[PDB]
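Observations on the model geometry
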Amino acid sequence: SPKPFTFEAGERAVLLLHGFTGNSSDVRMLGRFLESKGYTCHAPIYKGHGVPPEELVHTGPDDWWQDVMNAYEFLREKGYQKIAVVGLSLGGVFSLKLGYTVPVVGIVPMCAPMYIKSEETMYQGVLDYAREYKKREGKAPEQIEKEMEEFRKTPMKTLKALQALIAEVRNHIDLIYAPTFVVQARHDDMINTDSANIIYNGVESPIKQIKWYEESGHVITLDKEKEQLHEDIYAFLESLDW
């Protein structure tokens, strides 16, 4: 069962944030890589995440943002003053929000959405996650159907709040001056890839870069170009003034 992680190495720290329906496993390989390069890493798990999908629908972005802020403070409290933030998908949106909320050395949003899917589409996405999760539990197709029958009886009321979160950060990214590396998969079937240009163009950061990953999908940390992504993130972090 996935759990948060903290790898303590050198004095430079990186906060790693996962995406909606994701968990710390989505950033664990990047954490081990950065630890091996001497960076301290911490990845939380948002409320309703890394547990049975049944628990997700009762949580929302107000809960998940508390987890993000508590994670930042966890690093600070351990004496790591200088923190970069790297985030996948929704974690990338939270990376941007931390970037104008609290002191950070740099931000790497990876496949972060700047625009809104419908509540129906977002809900379908939760349903897909729930079924994929039960498949990975090795449950028989019959058992999955019966469980999803039950699951569909409860709506997820916090989805309007997630739409509102995305629009709010979209409209505040002009407050960001921190060095920003925008990462985007070229073909991403989960988000509008125009988001990447919106972030790149919309921040006030004097120091910024963007890279497109040509053969990757949305969950880019788990996909086939992760080795390159790891090197690119490290090169970016090495270029910053800690």
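A brief report on the enclosed structure follows. (Residues numbered from 1 in each chain as written, not as in the entry; some residues may be left out. Heavy atoms only, no water.)

Quick word on helix α6 (residues 159-170)
If you check α6, its first and last C-alpha atoms are 17 Å apart, about what twelve residues at 1.5 Å a residue would give, namely 16 Å. Taken as a whole, α6 has its buried residues at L159, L162, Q163, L165, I166 and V169. Projection of α6 onto a plane perpendicular to its axis shows the buried side chains occupying an angular sector of 155°, all on one side. (Helix = DSSP H or I, 4+ residues; strand = E, 2+ residues; numbered from the N terminus. Expected span 1.5 Å × (residues − 1). Buried < 20%, exposed > 50% of the residue type's maximum accessible area, 1.4 Å probe, protein only. Arc of directions from axis to C-beta.)

Here's the deal with the pairing of strand β3 (residues 40-43)
Of the two faces of β3, the one holding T40 and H42 and the one holding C41 and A43 are both buried throughout. For strand β1 (residues 5-7) and β3, the ladder comprises three bridges, and the chain directions are antiparallel. From the neighbouring strand, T6 faces β3, where its bridge partner is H42. In terms of strand pairing, strand β2 (residues 13-17) meets β3 through three bridges, oriented parallel. Its bridge partner being in β3, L15 is matched across the sheet by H42. (Pairing = 2+ DSSP bridges.)

Points about the packing of helix α1 (residues 28-36) against helix α8 (residues 226-239)
Packed helix pairs are characterised by how far apart their axes lie and by the angle those axes make with each other. At a minimum axis separation of 10 Å, α1 and α8 run at an interaxial angle of 50°. One finds that α1 runs oblique with respect to α8. Judged by the twist between their axes, the crossing of α1 over α8 is right-handed. Facing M29, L30, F33 and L34 of α1, the residues of α8 in contact are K226, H230, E231, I233, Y234 and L237. For the contact of α1 with α8, the per-class residue count stands at seven nonpolar, one polar and two charged. (Axes fitted to C-alpha atoms, helices over the stretch in contact; angles between N-to-C directions. Parallel < 35°, antiparallel > 145°, perpendicular 65-115°, else oblique. Left-handed = near helix turned anticlockwise from the far one by under 90°. Contact = heavy atoms within 4.5 Å. Nonpolar A, V, L, I, M, F, W, Y, C, P; charged D, E, K, R; others polar.)

Observations regarding the pattern of salt bridges
Counted under the stated rule, the structure contains 13 salt bridges. As a salt-bridge pair, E54 and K134 come within 2.7 Å of each other at their nearest N and O atoms. In this pair, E54 sits in the loop between β3 and α2 (61-77) while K134 sits in helix α4 (residues 119-136), placing the two residues 80 residues apart along the sequence. Taking relative accessible area as the criterion, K134 reaches 1% and is therefore assigned buried. With its nearest N and O atoms 2.7 Å apart, the salt bridge here joins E137 to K139. When its relative accessible area of 26% is taken as the criterion, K139 is described as partly exposed. A single salt-bridge network, built from bridges that share partners, covers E54, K134, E137, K139 and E147. (Salt bridge = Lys/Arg side-chain N within 4 Å of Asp/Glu carboxyl O.)

Remarks on the side chain of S24
Mapped onto the elements of the fold, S24 is located in the loop between β2 and α1. The exposure class of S24 is buried, given its relative accessible area of 0%. At 2.5 Å, the side chain of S24 forms a polar contact with the backbone oxygen of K3. Not counting chain neighbours up to four residues away, the residues in contact with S24 comprise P2, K3, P4, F5, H18, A43, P44 and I45. (Polar contact = N/O pair within 3.5 Å; in protein donor to acceptor, adjacent residues only side chain to side chain.)

Quick word on the sheet that holds β1
The strand order across the open sheet formed by seven strands is β1-β3-β2-β4-β5-β6-β7, and the pairing between neighbours is mixed. Of all strands in the sheet, those bounded by a partner on one side alone are β1 and β7 (208-213). Neighbouring strand axes in the sheet, compared pairwise and without regard to direction, differ in orientation by 15° on average.

The values reported here are purely geometric and, on their own, carry no functional implication.
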